[PDB]
Structure formats: structure tokens, C-alpha cells
Amino acid sequence: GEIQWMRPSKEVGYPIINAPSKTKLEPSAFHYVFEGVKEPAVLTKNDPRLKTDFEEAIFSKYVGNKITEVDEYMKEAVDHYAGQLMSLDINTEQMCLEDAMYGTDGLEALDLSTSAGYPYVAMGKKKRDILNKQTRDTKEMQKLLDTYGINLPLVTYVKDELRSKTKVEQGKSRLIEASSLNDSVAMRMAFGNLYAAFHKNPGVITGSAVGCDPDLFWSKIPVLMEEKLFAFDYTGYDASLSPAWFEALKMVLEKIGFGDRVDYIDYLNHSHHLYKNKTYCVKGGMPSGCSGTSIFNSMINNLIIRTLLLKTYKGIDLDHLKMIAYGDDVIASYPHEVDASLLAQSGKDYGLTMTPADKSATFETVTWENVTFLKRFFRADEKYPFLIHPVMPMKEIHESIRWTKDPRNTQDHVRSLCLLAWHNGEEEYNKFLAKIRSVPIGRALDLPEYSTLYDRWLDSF
Ligand SMILES: Nc1ccn([C@@H]2O[C@H](COP(=O)(O)OP(=O)(O)OP(=O)(O)O)[C@@H](O)[C@H]2O)c(=O)n1
Ligand SMILES: [Mn+2]
Ligand SMILES: [Mn+2]
Ligand SMILES: [Mn+2]
Ligand code: NA
């Protein structure tokens, strides 16, 4: 990922983009009943908390493009991955404009809360103005596509969320690169069935966990993995991807019946962006707000791990590489132990910055006791060990509950934290409910007791 040029959007006919300068995150009824150190992320250049330029920080994520061509190892990675995906008989057809808009099995309907993106964002028209769940009317959309045409600029917003103090002082806020409703609809028609096949098959065949339900999936993972587990996290995964990784991706798409629209992958790779009043062009890097961002990142991840393994352990048997990825996050395994640190080294050569799984000091053996996937641990249930508990640390939950964006969604927000928390055991869960009910707001919420949740879980399989 690298920015080729950036300049005043007026110099090229683009309207300045308005983005609220004030966070929507305010302390919640539970702010002083729980401990937390995170605060809202810097949204503007003026934030008094800053200790460096906001611009130099939000964009520094584009470390550059380390590789130029797709080498032999990547090519082999491609062939093998494309091989597995082949056993899914992925319907290679296109998706009728309707389904792409209002869903179908394996794919949800478009989200009405996310930006409509350019031009609509600068014209004033929202997503409710075009779509309409009731009739599934293609017309308004179908018309708008012809008017403004696909492959449209991405609107860049700073993400309004909680972040550690350091990441606040160093201006390490995160950006949201939003695609026009058009682009998003085009892609969902182009790759719609691909998405559906992935959503319906989380596991080691797709090597993706997208669309998964942790309460059920965690019990299916251990069985899918090989004897030895290995893991690591990337730093700036999305923005570090070089153009070559997108080409490898197109090669996979080509091999499974999508050579047709591999062009779309080109816009993810070489993209046009609008942030505030400035405009820039980015070579490489996966944008965050596109249709498929999540899935395409997982496919590339499947290519990366394969590549690093082929270049570090000539003769490794990829047929016994059992991995599952969710964008940058990944959990993998092999019949034999491997050196994650060594793999990390090869990673740099491919433009990836890999470090010990879970901010550890150094690479240490990965076990079922210490491995995490999506911030969650794996813990077999006391009474029935064949059922695995996806365990989200309480700290994460404590951090989330101390803040709010809308008092109206307090019920749903806390209920959600409850569905994550109870896996930490009945004792912990009850303390959590107790503190919640130690203030007026909490006592008025309808929260499920432990027994109710644990029983529902047991019968869900
Ligand atoms: N709108 C956004 C922006 C970024 N990201 C994700 O957040 C990552 C960066 O977040 P942070 O966790 O803040 O950077 P990391 O380098 O991943 O953190 P660490 O150095 O601790 O590994 C990106 O690579 C991307 O996967 C996201 O999900 N949505
Ligand atoms: Mn990370
Ligand atoms: Mn981080
Ligand atoms: Mn991560
Ligand atoms: Na890009």
C-alpha cells in the first residue's frame, strides 16, 4: 500500500467531504462501575490529545509496496488454494440485481446505516432514498447505475471508536474507505455467489471464518486443525498488501470461474480516494469499506501463509496446512512444528509485518490453552467437554460497556455484551450482572440469567 499523489479535490472537480468533528461516544451509565482505559479515537487535527500531526499518522499505515511481481512460491500458493476452493462447486454465475440488493441464502441485504458514498454523500441522497426493503425495487438503483456508472471514488472517514491512550496520542486513528452504493452493488452482483459460498462454508476448505457464528463454530475448529498450531498477527495488514497480492488473488478468481470480472479487483488495488477537502490515489492496499473486503482479505491471507511456507520449507505438504482466516486474523496448523519467527522473516520480504500471536514478546509455542481467534479463547465446557466455549476476555467487555453512542441502543448493546461474557463462567457472569444492576439504568434492562444462556447453548447444536 502506497499513496502516489494527494491534492485539493477542488483542483480536480471534487466537492469537499464533510465529516462530523465530534465523537458520538459519551460515558455510559456504567462508566464508573467498571474499569477501562480506552477513549474515543482522535477525529480531527485539532484534538488537544495529539502529539504529532494527524495527517502523517492516519496515513502512515501505507508503508509501501515491497514486492513487484508474483513469484514462483506465490504461483504455487495460488494453484493449491484455487484447488481447494474448486471442491466447493462455487456457482460462477452473476447475481441478479435484486438478490444483490436485498439478499438471498448465503448473503445478507445491503446495510442501510453505512455511507452511500460519492456522489450521493455530497448530493445529500441517503440509502433509504434508493433502496426499500418492501418491494425490492431495482428501478431506482438500476437507473442510478447508468447515471453515475460503477468504479467510483472512495469516501474516507475517520472511524469513531474506542482506542488505547497511546493510539490516541500518536493519532493512530483508523479510516473507513467507503465505496459508492453503485460499486458495492456491482461487486455483489459480480461476486455475489462467491460470497454466499464462503458465508455458508466457514472452515478449512475456504480457509475463512467470515459469516461464522462463534457459539457454534468454536466446537468445529479443533477437529479441523492438524496436530501442531501456529499463529501470528500482522501490523497494518490491509494497507501493507502490495499489488502483486491482488494479482495472485485475480489468478485464483480466474481459476475458479470468475476471470470475467477480475477487473473489480483492480479498483480495490489501484484506488481513488476522497478525504475531507483533499484527494489521493493509492497503489496497493485493501480498502476497508467495499463489498468483499472481508472475504478478499481472507483469500489473500490463505495465499500469504501458503507462500511463506513454500519458500521457507521446500517440500511442505500444503494439503495438510489447516488454516482459518478472518481478514488479517488467522489460526493455522500443520502435522509438524514450524518456526513462526522464521516465517515472520519471509513475511517482511513480501511486505507483511508479522509478530508473535497476541502482542507477545516473542514467538512461543501455540497451544489450545493460549491460542485466540477473534480476541476469543477456546475452552471446553466442564460438564460437556466436546462443546467448546469461545471465550472473550472480560476486559474487552468492561471497556465496551463504559461508553455509548445512543442511549436508545443501551438494551441491545448490553444484551450483546452478555452473550459474549457468560462463556467466562457463571461466577464471572453474575458479578457482571450485579454491577450492571448496581445503577438505575442497568436495573431496568431485560438481561438473560446464566442458566438461560447456558441451556440455550447446549441445545443449539
Ligand atoms: N476501518 C478499519 C480500519 C482498519 N481496520 C483494521 O485494523 C487494522 C489496524 O488496526 P490496529 O489494530 O489499530 O493496527 P495493528 O497494526 O493491527 O495493531 P498492532 O500493531 O497492535 O498489531 C488494519 O490492518 C485493518 O485490518 C478495520 O478493521 N477497519
Ligand atoms: Mn493487529
Ligand atoms: Mn492493535
Ligand atoms: Mn487482529
Ligand atoms: Na488501494
# chains A, B, ... in the order shown; residues from 1 in each chain; ligands from 1

call {"tool": "residues_near_ligand", "arguments": {"ligand": "ligand 4", "cutoff": "6 Å", "atoms": "only C-alpha atoms and all ligand atoms", "output": "PyMOL selection string"}}
result
chain A and resi 233+328-329

call {"tool": "select_by_dssp", "arguments": {"residues": "range 162-396 of chain A", "states": "alpha helix (DSSP H)", "output": "NGL selection string"}}
result
:A and (165-169 or 181-190 or 192-199 or 214-217 or 221-224 or 237-240 or 243-253 or 263-269 or 293-312 or 340-349 or 394-396)

call {"tool": "closest_residue", "arguments": {"among": "A:160, A:71, A:39, A:177", "to": "ligand 5", "atoms": "only C-alpha atoms and all ligand atoms"}}
result
A:177

call {"tool": "closest_atom_pairs", "arguments": {"of": "chain A", "to": "ligand 5", "cutoff": "7 Å", "atoms": "only C-alpha atoms and all ligand atoms", "output": "JSON lines"}}
result
{"residue": "A:1", "atom": "CA", "partner": "ligand 5", "partner_atom_place_in_ligand_line": "1 (Na)", "distance": 6.5}
{"residue": "A:268", "atom": "CA", "partner": "ligand 5", "partner_atom_place_in_ligand_line": "1 (Na)", "distance": 5.1}
{"residue": "A:269", "atom": "CA", "partner": "ligand 5", "partner_atom_place_in_ligand_line": "1 (Na)", "distance": 4.4}
{"residue": "A:270", "atom": "CA", "partner": "ligand 5", "partner_atom_place_in_ligand_line": "1 (Na)", "distance": 5.1}
{"residue": "A:271", "atom": "CA", "partner": "ligand 5", "partner_atom_place_in_ligand_line": "1 (Na)", "distance": 4.6}
{"residue": "A:282", "atom": "CA", "partner": "ligand 5", "partner_atom_place_in_ligand_line": "1 (Na)", "distance": 5.0}
{"residue": "A:283", "atom": "CA", "partner": "ligand 5", "partner_atom_place_in_ligand_line": "1 (Na)", "distance": 5.6}
{"residue": "A:284", "atom": "CA", "partner": "ligand 5", "partner_atom_place_in_ligand_line": "1 (Na)", "distance": 4.5}
{"residue": "A:285", "atom": "CA", "partner": "ligand 5", "partner_atom_place_in_ligand_line": "1 (Na)", "distance": 4.0}
{"residue": "A:286", "atom": "CA", "partner": "ligand 5", "partner_atom_place_in_ligand_line": "1 (Na)", "distance": 5.1}
{"residue": "A:287", "atom": "CA", "partner": "ligand 5", "partner_atom_place_in_ligand_line": "1 (Na)", "distance": 5.5}

call {"tool": "write_last_selection", "arguments": {"atoms": "N, CA, C and O atoms", "output": "mmCIF file, in the first residue's frame"}}
result
data_model
loop_
_atom_site.group_PDB
_atom_site.id
_atom_site.type_symbol
_atom_site.label_atom_id
_atom_site.label_comp_id
_atom_site.auth_asym_id
_atom_site.auth_seq_id
_atom_site.Cartn_x
_atom_site.Cartn_y
_atom_site.Cartn_z
ATOM 1 N N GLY A 1 0.824 -1.240 0.000
ATOM 2 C CA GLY A 1 0.000 0.000 0.000
ATOM 3 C C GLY A 1 0.840 1.263 0.000
ATOM 4 O O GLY A 1 1.676 1.476 0.891
ATOM 5 N N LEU A 268 -9.840 -2.209 -6.169
ATOM 6 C CA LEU A 268 -9.507 -2.376 -4.767
ATOM 7 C C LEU A 268 -8.015 -2.057 -4.680
ATOM 8 O O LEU A 268 -7.577 -1.315 -3.799
ATOM 9 N N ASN A 269 -7.249 -2.616 -5.622
ATOM 10 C CA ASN A 269 -5.799 -2.443 -5.679
ATOM 11 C C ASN A 269 -5.329 -1.032 -6.032
ATOM 12 O O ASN A 269 -4.571 -0.428 -5.276
ATOM 13 N N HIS A 270 -5.751 -0.520 -7.186
ATOM 14 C CA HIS A 270 -5.379 0.834 -7.604
ATOM 15 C C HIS A 270 -6.617 1.674 -7.354
ATOM 16 O O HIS A 270 -7.543 1.666 -8.172
ATOM 17 N N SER A 271 -6.646 2.409 -6.247
ATOM 18 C CA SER A 271 -7.856 3.149 -5.933
ATOM 19 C C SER A 271 -7.815 4.665 -5.744
ATOM 20 O O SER A 271 -6.806 5.258 -5.325
ATOM 21 N N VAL A 282 -4.211 5.709 -4.485
ATOM 22 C CA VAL A 282 -3.441 4.687 -3.787
ATOM 23 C C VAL A 282 -3.133 3.436 -4.627
ATOM 24 O O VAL A 282 -4.033 2.807 -5.193
ATOM 25 N N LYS A 283 -1.847 3.097 -4.697
ATOM 26 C CA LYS A 283 -1.365 1.906 -5.410
ATOM 27 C C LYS A 283 -1.196 0.794 -4.365
ATOM 28 O O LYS A 283 -0.321 0.872 -3.501
ATOM 29 N N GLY A 284 -2.027 -0.236 -4.449
ATOM 30 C CA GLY A 284 -1.961 -1.308 -3.473
ATOM 31 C C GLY A 284 -2.796 -0.977 -2.244
ATOM 32 O O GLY A 284 -3.261 0.156 -2.101
ATOM 33 N N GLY A 285 -2.992 -1.956 -1.362
ATOM 34 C CA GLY A 285 -3.774 -1.723 -0.158
ATOM 35 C C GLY A 285 -5.238 -2.106 -0.314
ATOM 36 O O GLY A 285 -5.885 -1.741 -1.304
ATOM 37 N N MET A 286 -5.776 -2.842 0.651
ATOM 38 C CA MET A 286 -7.167 -3.240 0.573
ATOM 39 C C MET A 286 -7.990 -2.180 1.304
ATOM 40 O O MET A 286 -7.749 -1.896 2.486
ATOM 41 N N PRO A 287 -8.944 -1.544 0.594
ATOM 42 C CA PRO A 287 -9.796 -0.512 1.190
ATOM 43 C C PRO A 287 -10.671 -1.219 2.213
ATOM 44 O O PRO A 287 -10.951 -2.408 2.060
#

call {"tool": "residues_around", "arguments": {"residues": "residue 199 in chain A", "least_positions_apart": "3", "cutoff": "9 Å", "atoms": "only C-alpha atoms", "output": "ChimeraX atom specification"}}
result
/A:106-107,194-196,202,208-212

call {"tool": "decode", "arguments": {"residues": "range 69-170 of chain A", "atoms": "C-alpha atoms", "output": "PDB file, in the first residue's frame"}}
result
ATOM      1  CA  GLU A  69       5.933  -9.463  -9.446  1.00  0.00           C
ATOM      2  CA  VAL A  70       4.136 -12.676  -8.431  1.00  0.00           C
ATOM      3  CA  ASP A  71       6.942 -15.183  -7.876  1.00  0.00           C
ATOM      4  CA  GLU A  72       7.134 -18.974  -8.098  1.00  0.00           C
ATOM      5  CA  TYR A  73       6.097 -19.587  -4.499  1.00  0.00           C
ATOM      6  CA  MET A  74       3.074 -17.307  -4.801  1.00  0.00           C
ATOM      7  CA  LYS A  75       2.138 -19.022  -8.043  1.00  0.00           C
ATOM      8  CA  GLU A  76       2.243 -22.395  -6.305  1.00  0.00           C
ATOM      9  CA  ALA A  77       0.266 -20.988  -3.395  1.00  0.00           C
ATOM     10  CA  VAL A  78      -2.333 -19.822  -5.924  1.00  0.00           C
ATOM     11  CA  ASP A  79      -2.620 -23.196  -7.627  1.00  0.00           C
ATOM     12  CA  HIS A  80      -3.081 -25.071  -4.352  1.00  0.00           C
ATOM     13  CA  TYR A  81      -5.603 -22.620  -2.843  1.00  0.00           C
ATOM     14  CA  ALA A  82      -7.534 -22.409  -6.106  1.00  0.00           C
ATOM     15  CA  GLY A  83      -7.532 -26.196  -5.978  1.00  0.00           C
ATOM     16  CA  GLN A  84      -9.339 -26.435  -2.625  1.00  0.00           C
ATOM     17  CA  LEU A  85     -11.880 -23.747  -3.452  1.00  0.00           C
ATOM     18  CA  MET A  86     -12.619 -25.828  -6.518  1.00  0.00           C
ATOM     19  CA  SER A  87     -14.177 -28.586  -4.405  1.00  0.00           C
ATOM     20  CA  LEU A  88     -16.918 -26.179  -3.342  1.00  0.00           C
ATOM     21  CA  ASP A  89     -18.501 -26.123  -6.793  1.00  0.00           C
ATOM     22  CA  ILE A  90     -18.915 -22.395  -6.349  1.00  0.00           C
ATOM     23  CA  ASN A  91     -21.715 -21.201  -8.621  1.00  0.00           C
ATOM     24  CA  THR A  92     -19.787 -18.977 -11.018  1.00  0.00           C
ATOM     25  CA  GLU A  93     -22.868 -17.126 -12.337  1.00  0.00           C
ATOM     26  CA  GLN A  94     -23.727 -13.490 -11.818  1.00  0.00           C
ATOM     27  CA  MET A  95     -26.183 -12.304  -9.184  1.00  0.00           C
ATOM     28  CA  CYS A  96     -29.479 -10.732 -10.260  1.00  0.00           C
ATOM     29  CA  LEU A  97     -29.585  -7.060  -9.248  1.00  0.00           C
ATOM     30  CA  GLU A  98     -32.415  -7.878  -6.837  1.00  0.00           C
ATOM     31  CA  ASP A  99     -30.679 -10.506  -4.683  1.00  0.00           C
ATOM     32  CA  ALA A 100     -27.508  -8.396  -4.656  1.00  0.00           C
ATOM     33  CA  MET A 101     -29.585  -5.600  -3.131  1.00  0.00           C
ATOM     34  CA  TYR A 102     -31.991  -7.394  -0.753  1.00  0.00           C
ATOM     35  CA  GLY A 103     -30.115 -10.621  -0.047  1.00  0.00           C
ATOM     36  CA  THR A 104     -30.697 -14.337  -0.601  1.00  0.00           C
ATOM     37  CA  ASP A 105     -29.403 -17.540   1.049  1.00  0.00           C
ATOM     38  CA  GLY A 106     -25.760 -17.055   1.979  1.00  0.00           C
ATOM     39  CA  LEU A 107     -25.827 -13.267   1.570  1.00  0.00           C
ATOM     40  CA  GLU A 108     -27.492 -10.539   3.623  1.00  0.00           C
ATOM     41  CA  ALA A 109     -29.148  -7.438   2.217  1.00  0.00           C
ATOM     42  CA  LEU A 110     -27.158  -4.223   1.862  1.00  0.00           C
ATOM     43  CA  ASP A 111     -26.622  -2.282   5.085  1.00  0.00           C
ATOM     44  CA  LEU A 112     -28.652   0.930   5.384  1.00  0.00           C
ATOM     45  CA  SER A 113     -26.508   2.587   8.054  1.00  0.00           C
ATOM     46  CA  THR A 114     -23.183   2.838   6.191  1.00  0.00           C
ATOM     47  CA  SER A 115     -22.378   5.842   3.978  1.00  0.00           C
ATOM     48  CA  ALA A 116     -23.890   5.876   0.493  1.00  0.00           C
ATOM     49  CA  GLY A 117     -20.548   7.206  -0.664  1.00  0.00           C
ATOM     50  CA  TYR A 118     -19.836   9.583  -3.531  1.00  0.00           C
ATOM     51  CA  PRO A 119     -21.603  11.232  -5.210  1.00  0.00           C
ATOM     52  CA  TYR A 120     -24.715  10.726  -3.079  1.00  0.00           C
ATOM     53  CA  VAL A 121     -22.845  11.766   0.067  1.00  0.00           C
ATOM     54  CA  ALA A 122     -22.108  15.163  -1.484  1.00  0.00           C
ATOM     55  CA  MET A 123     -25.567  15.473  -3.106  1.00  0.00           C
ATOM     56  CA  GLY A 124     -27.490  14.667   0.055  1.00  0.00           C
ATOM     57  CA  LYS A 125     -29.262  11.466  -1.045  1.00  0.00           C
ATOM     58  CA  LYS A 126     -29.139   8.607   1.524  1.00  0.00           C
ATOM     59  CA  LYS A 127     -29.526   4.826   1.212  1.00  0.00           C
ATOM     60  CA  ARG A 128     -33.186   4.861   2.273  1.00  0.00           C
ATOM     61  CA  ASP A 129     -33.868   7.150  -0.710  1.00  0.00           C
ATOM     62  CA  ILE A 130     -32.870   4.462  -3.241  1.00  0.00           C
ATOM     63  CA  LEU A 131     -33.475   1.110  -1.575  1.00  0.00           C
ATOM     64  CA  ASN A 132     -36.703  -0.050   0.032  1.00  0.00           C
ATOM     65  CA  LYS A 133     -36.914  -3.464   1.726  1.00  0.00           C
ATOM     66  CA  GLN A 134     -40.636  -3.727   0.959  1.00  0.00           C
ATOM     67  CA  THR A 135     -40.713  -4.148  -2.848  1.00  0.00           C
ATOM     68  CA  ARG A 136     -37.093  -4.939  -3.639  1.00  0.00           C
ATOM     69  CA  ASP A 137     -37.330  -2.334  -6.389  1.00  0.00           C
ATOM     70  CA  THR A 138     -34.349  -2.485  -8.751  1.00  0.00           C
ATOM     71  CA  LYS A 139     -35.575   0.556 -10.724  1.00  0.00           C
ATOM     72  CA  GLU A 140     -34.243   3.454  -8.632  1.00  0.00           C
ATOM     73  CA  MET A 141     -30.914   1.608  -8.319  1.00  0.00           C
ATOM     74  CA  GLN A 142     -30.843   0.139 -11.832  1.00  0.00           C
ATOM     75  CA  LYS A 143     -31.361   3.704 -13.045  1.00  0.00           C
ATOM     76  CA  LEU A 144     -28.697   5.292 -10.818  1.00  0.00           C
ATOM     77  CA  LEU A 145     -26.074   2.833 -12.062  1.00  0.00           C
ATOM     78  CA  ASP A 146     -26.470   4.067 -15.629  1.00  0.00           C
ATOM     79  CA  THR A 147     -26.372   7.666 -14.458  1.00  0.00           C
ATOM     80  CA  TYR A 148     -23.153   7.719 -12.414  1.00  0.00           C
ATOM     81  CA  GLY A 149     -21.559   4.439 -13.554  1.00  0.00           C
ATOM     82  CA  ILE A 150     -19.510   1.982 -11.482  1.00  0.00           C
ATOM     83  CA  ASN A 151     -15.887   2.290 -10.383  1.00  0.00           C
ATOM     84  CA  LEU A 152     -16.460   5.439  -8.297  1.00  0.00           C
ATOM     85  CA  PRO A 153     -14.183   7.155  -5.717  1.00  0.00           C
ATOM     86  CA  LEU A 154     -14.000   6.005  -2.138  1.00  0.00           C
ATOM     87  CA  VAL A 155     -15.050   8.428   0.581  1.00  0.00           C
ATOM     88  CA  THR A 156     -12.633   8.359   3.510  1.00  0.00           C
ATOM     89  CA  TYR A 157     -13.978   8.863   7.054  1.00  0.00           C
ATOM     90  CA  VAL A 158     -12.046   8.623  10.336  1.00  0.00           C
ATOM     91  CA  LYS A 159     -13.570   5.779  12.363  1.00  0.00           C
ATOM     92  CA  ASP A 160     -15.397   6.816  15.534  1.00  0.00           C
ATOM     93  CA  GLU A 161     -14.426   4.164  18.074  1.00  0.00           C
ATOM     94  CA  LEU A 162     -12.541   3.413  21.305  1.00  0.00           C
ATOM     95  CA  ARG A 163      -8.739   3.237  21.195  1.00  0.00           C
ATOM     96  CA  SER A 164      -5.918   2.911  23.710  1.00  0.00           C
ATOM     97  CA  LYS A 165      -4.368   6.118  25.059  1.00  0.00           C
ATOM     98  CA  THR A 166      -1.160   5.644  23.072  1.00  0.00           C
ATOM     99  CA  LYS A 167      -3.001   5.101  19.831  1.00  0.00           C
ATOM    100  CA  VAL A 168      -4.826   8.331  20.695  1.00  0.00           C
ATOM    101  CA  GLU A 169      -1.734  10.410  21.385  1.00  0.00           C
ATOM    102  CA  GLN A 170       0.078   9.068  18.317  1.00  0.00           C
TER     103      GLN A 170
END
